Every structure is written in C-alpha cells, then in structure tokens.
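Residue numbers (the entry's author numbering), protein chains in the order written: chain A, 1 to 187, 190 to 299, 304 to 351, 358 to 528; chain B, 1 to 187, 189 to 300, 304 to 351, 358 to 527; chain B', 1 to 187, 189 to 300, 304 to 351, 358 to 527. A prime marks a further copy of an entry chain.
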Amino acid sequence: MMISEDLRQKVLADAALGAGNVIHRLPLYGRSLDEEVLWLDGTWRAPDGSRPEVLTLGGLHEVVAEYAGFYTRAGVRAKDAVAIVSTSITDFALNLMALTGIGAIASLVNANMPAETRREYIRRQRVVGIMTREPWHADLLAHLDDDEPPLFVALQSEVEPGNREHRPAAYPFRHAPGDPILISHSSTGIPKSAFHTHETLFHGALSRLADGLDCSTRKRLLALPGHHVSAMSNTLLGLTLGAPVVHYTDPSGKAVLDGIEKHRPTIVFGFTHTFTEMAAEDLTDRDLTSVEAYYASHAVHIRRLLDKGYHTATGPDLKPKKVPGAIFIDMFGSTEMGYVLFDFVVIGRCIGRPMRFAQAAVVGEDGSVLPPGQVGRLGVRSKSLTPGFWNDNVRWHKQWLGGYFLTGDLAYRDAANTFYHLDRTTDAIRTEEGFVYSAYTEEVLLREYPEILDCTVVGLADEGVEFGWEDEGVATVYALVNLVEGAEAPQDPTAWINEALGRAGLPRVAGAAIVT
Amino acid sequence: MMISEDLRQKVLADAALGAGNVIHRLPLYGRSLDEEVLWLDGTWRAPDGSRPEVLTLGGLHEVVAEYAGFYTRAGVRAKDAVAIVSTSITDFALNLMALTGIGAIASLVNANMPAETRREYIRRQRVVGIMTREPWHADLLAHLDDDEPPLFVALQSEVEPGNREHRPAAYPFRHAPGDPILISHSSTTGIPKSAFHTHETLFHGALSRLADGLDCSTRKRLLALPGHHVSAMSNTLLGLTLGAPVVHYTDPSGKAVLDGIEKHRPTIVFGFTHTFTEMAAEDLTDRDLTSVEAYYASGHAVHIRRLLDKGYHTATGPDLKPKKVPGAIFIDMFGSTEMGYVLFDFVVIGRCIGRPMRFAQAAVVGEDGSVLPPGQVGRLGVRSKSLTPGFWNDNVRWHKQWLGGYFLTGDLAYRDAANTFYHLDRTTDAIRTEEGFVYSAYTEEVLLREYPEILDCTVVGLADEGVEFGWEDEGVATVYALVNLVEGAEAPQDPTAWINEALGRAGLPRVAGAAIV
Amino acid sequence: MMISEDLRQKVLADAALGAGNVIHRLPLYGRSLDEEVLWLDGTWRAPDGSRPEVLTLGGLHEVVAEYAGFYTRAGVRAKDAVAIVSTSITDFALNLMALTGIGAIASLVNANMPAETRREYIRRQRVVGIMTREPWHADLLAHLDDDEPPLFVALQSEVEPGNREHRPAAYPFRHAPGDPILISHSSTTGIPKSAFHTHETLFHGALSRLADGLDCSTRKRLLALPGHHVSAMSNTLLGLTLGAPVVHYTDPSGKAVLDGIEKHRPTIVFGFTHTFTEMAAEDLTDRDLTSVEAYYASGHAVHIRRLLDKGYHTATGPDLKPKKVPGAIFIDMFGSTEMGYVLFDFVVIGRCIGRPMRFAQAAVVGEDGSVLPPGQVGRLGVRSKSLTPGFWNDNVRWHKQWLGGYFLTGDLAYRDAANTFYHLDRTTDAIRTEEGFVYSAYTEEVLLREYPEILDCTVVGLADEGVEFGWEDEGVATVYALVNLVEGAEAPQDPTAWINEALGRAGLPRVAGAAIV
C-alpha cells in the first residue's frame, strides 16, 4: 500500500530530510517512539549484552545515541571518516546512523576484502578510527603502525550502556546537502572509494517518491551485502516510509527461504546469486505467497520461485485482481552509481530505461553519444551519483568521458532509449572477425543449451598480445562449460558450442572443454 | 569602454564557452587571427628561439598548439595532471592553454616553494609530468625516484617548432562543465592545499558579472600578479575573451611596473600589495601614471594614495554627462586560490572587504555553524559556484574546511546590518585573554593608525605549559607586543604604557608587555 | 534582535511555507496560540461586535476561519478571485489570510479609486465576489448588473460568529508554489494594471534575505502603509513569521503615526513619503521618537532629518562591541505592486535607488533591449523570481512591459560602474529639446536644491501640432517651468532667468519660459 498523503506532504515539505538524519525526522512527522520499526536476526549484540530481534523507534534512537557517545568520547568529530570493518548489514546500518548524528563519515568496508588489499584501501582513506568485531580486530590493529595511524581500532563490545551521555550537546547534527555521510568500496586492484552525501544517497528515493513511486508501507526483507550502498539506502528508505524493515545477515538461499516463511515479507531484496541458491532448493512445501516482488542486484530458473507467489493487477472492470506469479526486478547499479538509475521488469540483458532523475547514453571512445544499435560504453549522469572518490581525484576524472560517468559496462540502446548490457568493458575480447562480448556469448549458450549450468568465455593470444577493448591486438575465443548433474557430455564440445553460436548468429569459438 | 552588444550576445549565447577553451572560441566570434592580443615583457622564449613582445591570436594559437603537440607525443592524455613549476605568469598561462586543449590539467607550482615542501606537494598530486625551466629542472628530477614517478621532467626549450604536428586529431578538446583544468596551491606552514578548478567554476564569476554588465570592458590591463595564482590565469583568459589588450609583466618590483605603466599606459593594473607599496616608495615626481583608472590589489597596504592622486577616474556630472575626476580607484581583492577570484565588492573598524557579489553568499558563523547576527565576531564563510569543487587527492582536509554549509576562509570577521563584512584576524592568530579575545591584525591596525612612527607590530600569546588559548580553545594568555619603529624614530620610555595608551582609547584589551625591535 | 537559530532552521527547512499559509505553519514551529501577535488600531470590527486592540495567534486563527467559512458557504472555491474593496490594512490582511486558507485569490482594490475606473477595473477581473464595508457597498452593487456578475457584494458585518463551521473539511488549503494568492493594482491615468502574486513569488525576496541573515529580526514594526499595496501584506505576513509584533495603523496622518509611535514605541516604522513629510512638519519638540531605529518609506521627501535626529541606531564600536549612535535610519523603498516589495538596497546626481539585492538583476536598457554601459541614460529594467508572473486577464499589456528580457519599471535611469542605480524621471515625463533631453523629476530636484524658496516645480513641453517629443518619439519641444513658491516668499523679477541661472550652473538644458504660481 502507498504511504498516506499526510506522510507524503510532510516528507516533500521537509527540506532538511536526507540520508544523514532520517531517524531524527521520524518523531517530527508524528511517529511513535514505542512502535517497532526494525527487525534483527539475532546476530547483533546490543550494548547491554542483549541480542535483540526487534527495535522500537525509541530503542533504535537509544542504541544509536550510545554509539554516537562512544565515538565522541573517543575523539571523532564532524567531517571525520571512521572505518566500519564488518559483514553485518546491522553493523553498518547502526554505525552509519550514529556517525551521521555527529557529522562523521562511515567508511563501510567488507571485512572479507583480502587482507593486504584492505590494508592499502583503509590506509589511503586516512580515517581517524576503526570499528570492528573480534574475528577481524587482531589484524586491523596493524593500522596503528601506519604513517598516519587512526586514533583507535575498537570493538563494538566497547560500546557500553550509558555512553550516550558523551554525545555532543548539539545532537543530532544538522547536515548540509553536500555533507558526506558514508564511503563505500567498488567490487581488480585497490577498490575505488566513492563517497555519498546527505543529498546524493537519498536523491533517487526522494525523486521517485515525488512521482508516487517506490513509496509503499510494505514489509521488506533485506538480504543484501551490508557494505553495499543498496543495503543502507533501502534500510533508511524503509524507515522513512513507515515500512517494516527486516535485516538478515545470512545470504544463503536457505536462511532467506526460512526468513520469508518467518516474517512473510511482501518484498525481498538480495543479490542475483542469493535468489539462485533459493531456486535450486526444494520450494515444494515452501510457503512464499506473501512476496509480491524480488529486487535483485546473471539469472536462470527464477520462475521456480515466482510461480510460488502472486502479483496484484488491475482487471478489465478497473478493479484490483490477484494474478499468479510474483515480480522480479533486476536493479542496475553499484556503489558509485547509487542504488538504481534504470527501471526494468531478447538480445542482451535488458537493463531498462533511465529513471526520471538520470540520463544515460552509449558513448564512443571520444565521448560522442552514439546512435541506437551501436555498441559502446554505458555512461550515466545523475545527482544520485557519488560526488567523487575519497582522496583519489586521479582515478575519478578518468572515469568520466564526454561528460558522462562511465559505468564500466559496454552496451547498446534501441530508439526508445532502452539499454541492453553486453559485457564489462574489461571482459570484451577482440578477434579477427570482430569483438566478442563474453557476458553476452555466455548468456546465449545458457539459453540454447539448458544442459549447461555455468559458462565462461575467455580469449587467448600469443604471449605479450593485448586484445581488450582499449587495445588493438586480436585473440581467439574459448568456452569453459560446467554441465548440470546428469547431463551427458558432448563428444566434440567445441563443435557443440559452435553449433549453437551459428544457429544463433554469433561468431564461433576456437575451442571448448567440458569442465563439469 | 564596455564590450559591444554583439560580442556580449555571442558570449552569453555560447554555452560551450569556459576556462578550458577561450582561445578556441574567439575565432568563432569573428576575431581576426592577425590581431595582436597578448603583450609579453621579453622574458619568455618561444619555440623558434624568439623572445616575442607581442603575440597575435594566430600566433598564440600556434605557440599553444606546439606545446600541445609536445605534451601529446610525450604521453599526456585527457584528465591527466601536469605540474608547471615556474615563476612566470606567461609560462603558466601558455601551458594552461596547451594542456586544456588536450583535456589535461595544469597544476601551477610556484617554483620558490621550499624544496622539501614542494617535493611533498607535487608527490601527493600523482602528476604524469613536470614542465619547468633550467633554474629548477635539476632539483625537480628527484621526482623520477618517487614511488609513482612522472613520465618526464622536461624543459620548455624541449618544445620545438613542428611539435604541433603531434597534437591529437580531435584538437581542441571539448570540455564538459565539470572537467578539471587547473590546480593551484594555498599560501607558509605545513603542506599547501591543492585546489582544482573546472571549465565552469573558473569562469562562473566572470560570466555572471558580464551578464550584469560588469567587469566587461576592453580596457588595457597590465597583469603583474603572481603567475601561479588563479587570479593571474582568470584575468588573462577574461581579457582575451573581452578583446582587451593583456600585458604580462613577470617583474613585481615597483620600478618595473612603474616603467611598465609608462611603457604601455594601461587603464587598469593588477598586482599584489607588495608591488604597489614599493611603487609608492619611489619618487613618483616625474612619473606619468595618468593612464591608470583602477589598481586591483590581491595581496594590508598604506600610502597607496601616493599612486591614486596621480591617476584619474570617469564619473557622471550634474549634466548627466561624462566628467574626468582626479583620483585613480583602488580595489582590494578579497579572495584565495580556493575562493576563486573575488566574491566581494569593495573599493574604519577592521579592514572592510565589502558586500558579496550576486553569485556568492557570505556569513559570519558560530562554532556550530549558526549564522551570527550583525555585530558579532565569527568565522567568515562563503558559498559560490566559482568555488573550487575540492582539494586534489585530499578529501580529508576538504570537508573539514566547511562549517554550517559555508566554506571557511580562515578569517575572523563581523558584518553590519547591510551585509558589509569587516576583517579582523586570521582564525589561528586570535588570542584569548582574561579580558577577552585579542585580534592580531586588527590590534596592529589600530596601534599603527594611532602611532605613524610604528612600522610593524606583532602580538604574541604567552601562557603556561599545556595552556592553549586560540579561538577554538579555552585558555587565556598574556599578550606581548613587538614593535618595529620607523627609521631613526625615537623610542618611547614606557613602550608598554605607550601601546596601552592607544589600546585604551579604543577600548581594546591592553597588552601585558611591549618592547621595541 | 535577529531571530533564533531554531526558528531560522525551521523556516528554511519548511519547503511548504509561503505567503498563502503563514499563520498555519506558525503552530507547527511551536508558536503558542495564546501569544499576542497582531495589534490593531481599533477601527476594525470583529464578527462578535468587538473592536479588538490585539489578537492572539489563536484569536487571529478564529477570526480568519470565520471569514473562510463565510466565503465557502457563499460559494467561493479554490482558484476563484474575490475583490476586497477597502482602505484598511487590517481589512485586506484578514481577508487575504481567509481566502488563501481555501485556495482563493484576494484582489485588493483601493476603495478610493475613481468610481468609473474602479468599475471597469473590477469588471475585467471577473471575480466571483466582492467584500467591502458600508461606505462603498452601495455603489459596488452596480457590479451585479455586469454581464459576468459576482455571486455576492457583501459587507464584513455579514460575517457572524459560527460561520467557521462552514469552512471546507480540508482546511487549510495546501498551496502549490505557483498557486495565486493575491491581486493588486498599479498606481492615475488609464485603467490600472492588475498584477497577481503566487504562494512563492510574494515570499521569495523575504526568504532569500532571511537565508542571508537579513530582514529577519523580532523588532516591533508599525505598519502605516496603504493597505492595498503588496508591501502592506508581505510585511504583515513577514512579521508574523519572524515572531515580530506587528502594529496596524489605518490613519496615515503624521499626527496619528506620531501618536502611534509614542503609544507602541516601534523599533521600525513602515509608511509612504506623504506620512513622513507631514510628521516632520509638526512641532516634534516634546515628542519621544527614540524607540525608532529605521523608517521605511515606499512613497521624493525632504526634512526627514527632522525625524531621524530624534532617533538612534546601533553600531559596532572600536572595541568590536555594540554602541548606541545618534540618528535613526531612512530606507527608500524602490518598488511597485508588480516589482514585488524591494529589489534594491539603499539607505547627488539623481535619486539614488541603490544596488540590486542578491535575488534580483537590474540594467539600464536601450530602445532595442541592449544593456547600456555605466553613465548612459536608459530604461530601468529588472529580473527576479519575486516579480509578478503576469497581469490578470491582460497578457496584451503584460508582455509589452518587457524589453530585452527585463521587466521595465517605467523609470529612466543610469548606473555607475558599481551597479548603483540613479533615478531621473518617469519614461513618459521626459521631454526632448533641440539641446537634449530634459528629465522632469531630476530637473525639478536640481532647481529645488538650488532655491529652497521653491516649494514645487513642474516642467511642461510645448510643441506645434502633431509634434511628439517624448522618449519614444523624435520631435523637440520648448520647456516651460511652473514654480510654486514657499509661503510669503518673494517672487523674482526675471523668473525665467532665475531658473536658467541654476540650470546653467549644473550644465542642464535651459527652459524657454517660467512663471510663478
């Protein structure tokens, strides 16, 4: 159900609302401190030692104020960056809410980032503190020997009840639109460190709400990576709308299916791989009729889960009618681009059409906007984009071409500005017959041969040859094919592959081998 | 004389015009390639070995295209930074036109920056090249031993006639508004901040004023500004855009500029305070400075009246007709490399900096960001599209420079009810006392006005161990004054009582001690 | 005293706040319904028969809701216009709050508008109702015989206690920025122009200034402005927003305001020139006017110094601390019903109108729209979001009032190089002569400054048949002066030579003849 007109008018009348002060505006709109708003999976230990499964608005405020006080007593000040090294969406969400309340910046770091890469990633940021948990605390203490060391490398257990007494007198911070609120890492070398502001991380959300979109009170289950911007924006967005938010730290298809039955969410958020693992499960006696839509951020056999549900539609009598099948919405985005710049519900993976608050284009190597049906670099423009890379101006401006921000993908568009993903710019292979787009070739084979489970296209050339999109050398293409259990191998896989590539029109690979 | 309405309409209709492509739009407006546009003082050596004194639009285009070819052959590509270590306004301006022509960024480094600091300053930027001249090329080769070294550390002599053949085929580059074009450094302690400017930001204030019928004359302008300051580059590019003769002078000595004024008879003169003060110390009895109608000082100067009385300004007489009036105009330019060029219009208690220009906001801000009422001392802050979008490779220092949504200038100030702002001190120079806060620059300005026998004055805070007494702190301290007296001037008997006599007349906190130097 | 940072942040965060809903946002900011907010002079009769002298926020809400109920029962709906024919600032302000509460438009009609003109003026608007008082209700009933008649021509006495029950259920109305709220008329010849203002436009200048820390004090303000001018309505709504005590005075006689100043001791006083000139003609020897720090005159006045010397203003002393200083401030308000309230900041050759405020642009424009350089006479033009979006039901006259993208004020003017503007004449009053153009207001201002024995002066153009000699024309004419002299003043022998003696000193064109009146 869409939010009420009263809440709509209050939000659009609140020029101060943004990603840095969400929870503090809710009481002003009339929300009750006694109402439950956030549901936890039990893996988060509160300051008093509890493992709460639900928090009220008042309780969420208290938990966040305690963290805010600990940071202030510890020496964190407005405009400082603090590294949250964890894997829990609840860890990242609560720390973000507390650091924004004092004007500081939560640098979300995936604790699983390879050790020596995480060291360089964090070192470059010149954060003033590190907040983490016991599995990683011992290695993160190494940052105290950096040329510019942080002030502390602490544990969340150090946040004791009562620490909220150290929070600044002016709590909560009043953000300016351009005040930073978080930093996030890309998915390849040292990841990029894009930062977002009180305005950018909530710009698309607010634009969509104004258009009467993405503004329901529907219960949502967030199984996204806790460090991805998508996990944070949807947490804050749910709280603003008045929608029950449910945090799930476990991304396994089995925990989600259990959580779906447990909480009965009307919508579910996860990454593509998560729902896949759910598809290969029983799903026989699984009751998944509450879900109307899955939001995913590379898929097959999804209808396995969708047929288990129902979507509401408008009937010939202009009255609501329940229809078989839930919805699946692939969400195109990253940490830099913000949550979503494209709406989509076939040659290539259709990413959809640009949302109202964004511009998109396929761009040549010079920056020129290309005509439809020509393959080039996907580029985007939006206020929801990151304003830049933390302490990395060199790589930032080089990510822009022709005034567009390069997504890192190659694609083409039709004449209605519907875009179609073909590959990552890096993964494109040049041959003597033309360019081969690995992601697209893979999807074609997985379509023509249901017998294939996983598929990978690779180029190979003489030692020293460069055959990427930006290089000039040519290569020959080879297919490595995993087969499903029970599937019979093909006497000649190469010919087997090249038969599907031919009947579909694609070029042919010089070799193939069943790995299975 | 104001630019023609034809040129005004062409500029205001050119949505592509910005700081990265000025020279390339001029031919499109109808400018002749044979017209002289830029006058040089003779210290710049061209690729052909000549030391030109004037360049035509076509000439300048060639020189610039030669440099652009050199940079492209050498490996420089769009969005790369290239450090220009020099002291010459003409060096910086020509390299900036060349690098923007191919989409690169000209980092302007004042060669006289202390070597240890200049080494760390350039290293943090991660430039792909260094362009310099012999006096510094030797020491700058050290950067090739950095962990991320430049591809080259070249001399401007390496630019040879014919290098233009190597420039890219899409020359000149088409800039997006947000594409960077320039990097400049702040002004003595610590590593300078590196502020970058875009195609749009560096020309936003000039285009806004032009739209309002301001700062858009064809008047001859002599530029004796430090070549590495934004101000030198924006005023060069602005002049070429208006069709105003631009005159570059590398020598800031008051004598060289006084000679330059008599040689070129400029209508307006751009310099920093030091240059204009040296000029007023000359005889100026047989000097013809009548051509000058306005001195622009970006620099805290006195005796400028010696130079203004020698000039004239135009005004509207009681018959609503032009009338020549004794006295050249002096415009104090409040700004920095980060604040852009000028966000305040000015031409008393504290140094008046003026009112904000239409394209800028200004406020006096409390420690928590609150906007203070008129009459209260706080931190000066500003907002404007002509502001730098950030510090190069240094977000940590960038956001810390904003408070309550205002970019802090580093000054303490107050405003009156007309939003006229007055400068009192640098925030770091204020000293808290048991009486109240003592503002150095203002306290000096007071004692210097009362006693013309005082050349310099320096207040200093003295406190016990661990005692901090700055603006951001809570401790109090005792002020000691150190006063340099004029030549042969008679020293007082009780200097501490002498100082406190003037501080008492103004009601200012008194110093605990004072001593002549 | 400046408003608190808490209120500043609530206002600047309220994207719904505008001129159509001020009173309804105040309770949301935390304002008490029991606080007194609006002081009335006793000439307004409330629905309960009382003649209140003060209204609380809750009180005002009730009165307004009563009127709103009356209008809704009577048929008024959102987007309808309703003519308010009156002379009382309180009449207009209360009706405006009521009509915007239901989405309707308050057309403010100065009841003293000549009856033939007022009939045609109201008819063109096609209002669905007329609200007035007894002195004019009779003649206004004629409108019921129009081809498109109003549903009612009512008296304010018809508003009865309990009418509030009839107000819509969605009360109060939620305004979009572009929703109209008000219509006002221009100022003697022809049918006045009817300019309308929106939720946004009428508060754009006040919110912009507030954002800059200006025009946002809690100071008591006595409003003796004409009730039908926008200025009276914006300053009322602005005061209520700041939490500043507002005092409505319907009597503009200098004596009533002098009595009002002593009664309320306002910090700032709003009036038109006529009121302030009458005040300076009183004894003012035993009058306490020290409370007033600033007079705002929207009106060409002299002897205002008699009133300013009786007041004080606050300033920052040499110790950077507040200091009381003799002399109240006088602010000339340049503006109209179309230009909004004030687009120029001012507090000599021509009447100085000041510099443009940040939220406005100004130019001197040639006959083809070209922006003129400083020192040239042209048509004054302005751009601003606080401008009226158009003339009600009269696009034909609306677009003809724009030239070169600037809204023409109807004045001739010049500017200097600092974009300070000076008024010379109304465009229609300029007279071309074989010598050159003669500007009436300026020519008068000159002769009135030279000869204090001159009370009034009027230049007049004389030319042969078919000869046109205005600004927009090409003919020349002979100027004849008509001079009213002070009481008992001695008439000159050669008045024509007397006048031409002063015109000659200033280099102005001389008159062909002159005669005392």
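C-beta: ideal position from N, C-alpha, C; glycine also.
- prompt: Quick one: any contact between the stretch 499–511 of chain B' and the stretch 430–443 of chain B', if contact means 3 or more CB pairs under 8 Å?
  reply: no
task: Measure the CB-CB distance between A:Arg-167 and A:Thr-72 and report whether it falls below 7 Å.
output: yes
query: Just the Cα atoms here: how many angstroms apart are B:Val-306 and B':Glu-463?
result: Whole-angstrom Cα-Cα distance: 46 Å.
field: Cut-off 8 Å between Cβ atoms - residues of its own chain near B':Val-63, not counting five sequence neighbours on either side
entry: The residues are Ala-46, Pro-47, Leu-55, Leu-94.
field: CA-to-CA distance, B:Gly-261 to B:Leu-223, given in whole angstroms
entry: 8 Å
- request: With 7 Å as the C-beta to C-beta threshold (strictly closer), list the residues of the stretch 489–522 of chain B' near chain B in chain order.
  value: If the cut-off is 7 Å between Cβ atoms, the stretch 489–522 of chain B' has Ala-516, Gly-517, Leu-518 near chain B.
- prompt: Using a Cβ-Cβ cut-off of 8 Å (strictly less than) and excluding sequence neighbours within five positions of B':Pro-177, which residues of its own chain qualify?
  reply: Within the same chain, B':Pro-177 has close Cβ partners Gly-18, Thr-199, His-200, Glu-201.
field: Contact set between the stretch 317–333 of chain B' and chain B, restricted to residues whose Cβ is under 8 Å from the partner
entry: So the list reads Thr-318, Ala-319, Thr-320, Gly-321, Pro-322, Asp-323, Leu-324, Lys-325, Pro-326, given in the order they occur along the chain.
- prompt: What beta strand (DSSP E) runs, 3 residues minimum, are completely inside the stretch 255–287 of chain A?
  reply: Correct list: 269–272.
- prompt: Going along chain B' in order, which residues have a C-beta closer than 8 Å to the C-beta of B:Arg-368?
  reply: Those within 8 Å of B:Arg-368 in chain B' are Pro-366, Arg-368, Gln-371.
query: With 7 Å set as the bound, which would you pick, yes or no: does the beta-carbon of residue 188 of chain A sit closer than that to a beta-carbon of chain B?
result: Residue 188 of chain A falls within a stretch that is absent from the model, since chain A runs 187 to 190 with no residues between.
Close beta carbons around B':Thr-430, own chain, < 6 Å, minus the five adjacent residues each side: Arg-365
Assigned exposure category for B:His-304 - 16 Cβ within 10 Å defines buried: exposed
message: Contact criterion: CB-CB distance below 7 Å. Does B:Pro-227 meet it with respect to chain B'?
response: no
message: So, at 6 Å on beta carbons, what are the nonlocal neighbours of B':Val-159 in its own chain, with the 5 sequence-adjacent residues on each side left out?
response: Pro-47, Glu-66, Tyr-67, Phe-70
Per-residue burial, B:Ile-130 [other beta carbons within 10 Å of its own, 16 or more giving buried]: buried
field: Straight-line gap, B':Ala-491 to B':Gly-523 (C-alpha atoms, nearest Å)
entry: 6 Å
query: Under 7 Å between C-beta atoms, does A:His-409 make it to chain B?
result: Yes, because at least one Cβ of chain B sits closer than 7 Å to the Cβ of A:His-409.
- prompt: Which residues in the same chain as A:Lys-328 place their Cβ atom closer than 7 Å to its Cβ, once the five residues preceding and following it in sequence are excluded?
  reply: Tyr-316, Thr-318
field: Proximity test, Cβ basis, 7 Å: B:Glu-5 and chain B'
entry: yes
task: Quick one: residues in its chain with C-beta nearer than 8 Å to the C-beta of A:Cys-217, no 5 flanking neighbours on either side, listed in chain order?
output: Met-2, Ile-3, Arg-8, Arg-210, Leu-211, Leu-243
- request: Check each residue of the stretch 160–187 of chain B': if its Cβ is closer than 7 Å to any Cβ of chain A, include it; give the result in chain order.
  value: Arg-174
query: Hey, would you say the C-beta of B:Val-448 is under 6 Å away from at least one heavy atom of the ligand SAH?
result: Because no ligand of any kind appears in the structure shown, any question about the ligand SAH cannot be addressed here.
field: Residue burial classification, A:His-275 (beta-carbon count within 10 angstroms, cutoff 16)
entry: exposed
message: Out of A:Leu-208, A:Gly-228, A:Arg-407, which one is the CA nearest neighbour of A:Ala-16?
response: A:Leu-208
- request: Return helix, strand or coil for B':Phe-401, following the three-state DSSP convention.
  value: strand
task: Figure out for me which residue from B:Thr-190, B:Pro-52, B:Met-280 has the closest Cα to the Cα of B:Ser-254.
output: That would be B:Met-280, whose Cα lies nearest to the Cα of B:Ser-254.
- prompt: Less than 7 Å separating the beta-carbons of A:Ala-170 and B:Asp-483?
  reply: no
Neighbourhood of A:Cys-362 by C-beta, 7 Å cutoff - its chain only, sequence neighbours within 5 removed: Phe-350, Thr-430, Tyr-432
- request: Check whether the Cβ atoms of B:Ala-423 and B:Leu-434 lie closer than 7 Å to each other.
  value: yes
- request: Using a Cβ cut-off of 9 Å, pull out every chain A residue sitting near B:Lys-194, in sequence order please.
  value: Going along chain A, no residue has its Cβ under 9 Å from B:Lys-194, so there is no contact; the nearest lies around 13 Å.
message: Between which two residues does the beta strand (DSSP E) holding B:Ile-464 run?
response: 464–472
query: Looking only at C-alpha atoms, which of A:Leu-144, A:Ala-298, A:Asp-313 sits nearest to A:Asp-289?
result: A:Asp-313
query: Mind checking B':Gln-156: buried by the 16 CB within 10 Å criterion, or exposed?
result: buried
- request: Using a Cβ cut-off of 7 Å (strictly closer), state whether B':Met-337 contacts chain B.
  value: no
task: Compare the C-alpha of B':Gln-411 against each of B':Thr-437, B':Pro-161, B':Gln-386, B':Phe-92 and name the closest.
output: B':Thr-437
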